[PDB]
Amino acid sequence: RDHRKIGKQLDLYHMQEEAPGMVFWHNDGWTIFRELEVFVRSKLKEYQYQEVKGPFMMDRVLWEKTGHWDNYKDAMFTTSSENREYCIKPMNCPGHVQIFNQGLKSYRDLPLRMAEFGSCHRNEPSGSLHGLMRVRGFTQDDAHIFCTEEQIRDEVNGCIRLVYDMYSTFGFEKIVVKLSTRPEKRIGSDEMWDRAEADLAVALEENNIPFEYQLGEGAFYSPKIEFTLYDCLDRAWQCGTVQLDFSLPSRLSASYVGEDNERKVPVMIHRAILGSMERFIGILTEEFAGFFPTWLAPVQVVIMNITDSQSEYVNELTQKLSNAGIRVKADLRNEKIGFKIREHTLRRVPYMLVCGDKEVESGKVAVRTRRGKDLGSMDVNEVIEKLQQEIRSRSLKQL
C-alpha cells in the first residue's frame, strides 16, 4: 500500500531529480487525474460554480498587497522580465479577485462562485518532499465565493455539504473536523476575527458537526475549518479546508454595488475539497491498493483473442465498447492467452474479455475480473450496460 511503489508498477507517474517535487503524469495516471476533474466538474455544475483559469505568474506587487510576500517569501518561486519581478502563483486567491474586479458588480451578481483547477508552485525544502504527498507543484480543486454578509451562512453550508458529498463518493465516511482561530501575526481587526470565527463555529454546529479548536493555526488573513478523512487503515488525511475571509478582497480593491446603491466590499469564502489533487490520487492509490474503482480505472476493459481467428471479432467489440464511452483496449499480440490475462490482471484492469471460437460463433464474450472471478460467457450488450451503470454511478465495487 505504498503509492510510490504502486504508481511505478501501474505506470501512473514518475519523478526525477531534474524536477524535484513535480510530477510527470504518464498516460494511465493522467487518466485518473482527468476523471477526478470530470467528477469535480459534475459537482461544480450541480452546486452552480463558474470555472475560470488564471495566469501562472503575476507581478510580485500583487502578493505584496495581500501580505503573502512578507509572510511566505521563502516558499514562492520568482522570475524576472524587463526589470520586473513576477511570482509563480502559490495560490489562486489574487487571480480570482482580478477576474472579479473586471466589470462593475452589483448585489444581483452575488453569490458569485468561482472555481479553478489551479496548479500552484511552492519552493518547499527538498528534504521534505515525499512522492505525491508533499510536492512542489500541485493542482488544487480551488474555489472562491464572493457574497454578502447575509449570504455567509448559506454559502458556508453549501461548502460543508459538498465536502461530505464528495468524500462519500470515494468511501470516506469517517471525517474529523477542526476550527483554526487567529494566529499571533495576522491582519484584520479583532471584531472581524470575532465574527469570522463565530460564523464558522455556528455553521459547524448548525450542520451537526462536532469539532475541536486549533488555537492560533488559522491563516494570517482568515480562520478556517479543516476536514480530515480516515482511510481504510484508519490513517488521518487532512484534505478539505473552508476559510471565511474578511480582509483580502479589501486589500485587492474588490467591491460591488449594494441594494442601497452603496459601495461595499464582498465577503470571500475560500474552499478546497480534495486539496492537492496529486496528493488525493496518492491517498486513493493506497486506499484501493491499486484496485481503482471502474470509473477511475485508467483502462476499464481489455479484450483479447485466443488465436488470429478471433482478431476481427475483438476489433469489432473494441470499437463497440469504445463508442459506448468505455476505456477499452484490444490485446492482439502473439502471446498465450494466459500470459495476456496475467499482464492485465497485474495492471488491475477491472474487466478482461476473452474471445474464442465459441464466443465468435455465439456473439457473446467471456468475462473475468482482476480479482480472479470468472463471470462466464455474457451477452455483449449486457456487458456494456453493466459497465455503463457501474461507471455512471461511480460505484466503489463491482455489482
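In this text, residue numbers run from 1 along the sequence as written.
The PDB entry records a higher mean C-alpha B factor for 66-74 than for its counterpart among 66-74 and 340-348. As listed in the deposited structure, the average C-alpha B-factor of 245-253 and of 259-267 is greater for 259-267.
Which of 277, 196, 177, 115 has the largest Cα B-factor in the deposited entry comes down to 196. Among 51, 357, 35, 28, the highest C-alpha B-factor in the deposited entry belongs to 357. Among the modelled residues of its chain, residue 353 has a C-alpha B-factor that falls in the lowest third according to the deposited record. Split the chain's modelled residues into thirds by C-alpha temperature factor. Residue 375 is in the middle one. Looking at the C-alpha B-factors along this chain, the one for residue 19 belongs to the highest third. Residue 202 sits in the middle third of its chain by CA B factor, as recorded in the PDB entry. In the deposited entry, the Cα temperature factor of residue 87 places it in the highest third of its chain's modelled residues.
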